[PDB]
Amino acid sequence: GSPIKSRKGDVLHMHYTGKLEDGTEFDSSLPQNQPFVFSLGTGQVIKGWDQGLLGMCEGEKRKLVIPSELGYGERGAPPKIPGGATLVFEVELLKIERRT
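Structure determination for this entry, per the PDB record, employed X-ray crystallography and reached 1.80 Å resolution.

S.K.: Would you explain the overall build of the chain in this entry?
M.R.: Across its full length, the chain carries one helix and five strands. Ordered by position from the N terminus, the helices and strands of the chain form the series β-β-β-α-β-β. The C-alpha atoms of the chain give a radius of gyration of 13 Å, which matches the 13 Å a tight globule of 100 residues would have. Principal-axis analysis of the C-alpha atoms gives the chain an extent of 45 × 25 × 15 Å.

S.K.: Sorry if this is basic, but what is going on with the environment of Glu90 here?
M.R.: Looking at the secondary structure, you find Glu90 in strand β5 (residues 87-96). Residue classification places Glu90 among the partly exposed residues on the basis of a relative accessible area of 40%. Each C-alpha atom of the pair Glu90 and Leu12 lies 15 Å from the other, and the pair is 78 residues apart in sequence. If we skip the residues at most four places from it in the chain, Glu90 touches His15, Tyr16, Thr17, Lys19, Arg62 and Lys63.

S.K.: What should I look at first to understand the side chain of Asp50 in this one?
M.R.: Structurally, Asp50 can be placed in helix α1 (residues 47-52). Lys8 is the oppositely charged side chain nearest to the buried, salt-bridge-free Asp50, at an N-O distance of 8.9 Å. Only 2.8 Å separates the side chain of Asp50 from the backbone nitrogen of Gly41, close enough to count as a polar contact.

S.K.: Sorry if this is basic, but what is going on with unusual backbone geometry here?
M.R.: What is expected of a backbone is that most residues other than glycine have negative phi and most peptide bonds are trans. In this structure, the amide linkage connecting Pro78 to the following residue, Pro79, adopts the cis form with an omega of 0°. You can see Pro79 is positioned in the loop between β4 (61-66) and β5. Here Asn33, not a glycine, exhibits a phi torsion of approximately 55°, which is positive. Mapped onto the elements, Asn33 comes out in the loop between β2 (25-28) and β3 (36-39).

About the cut-offs
Residues numbered from 1 in each chain as written, not as in the entry; some residues may be left out. Heavy atoms only, no water. Residues with missing side-chain atoms left out of burial classes, pairs and counts. Helix = DSSP H or I, 4+ residues; strand = E, 2+ residues; numbered from the N terminus. Rg over C-alpha atoms; globule rule 2.2 N^0.38 Å. Buried < 20%, exposed > 50% of the residue type's maximum accessible area, 1.4 Å probe, protein only. Contact = heavy atoms within 4.5 Å. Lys, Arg positive; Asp, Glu negative; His and termini not counted. Salt bridge = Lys/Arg side-chain N within 4 Å of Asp/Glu carboxyl O. Polar contact = N/O pair within 3.5 Å; in protein donor to acceptor, adjacent residues only side chain to side chain.

In structure tokens, the structure reads:
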């Protein structure tokens, strides 16, 4: 066997829980139990995700600390995300479309 792993261009189905530095969860795909689906490496998601989610196999978890320069910047993303907030994501890759 040779598990495929995420590369630029893949379509990923991703669970995430994002937290502030204050520990407080701002968002998660887990409560609705709805994976976020997107094309990796296309500027569809935050820069910290595009550079940070490479080389994941299905079923693998990763933690990403993402200072605001690589997230939503000083602008922020109201209501949940303050301008300048460092985000802490715990992500779980569920599915890479390419393998099937």
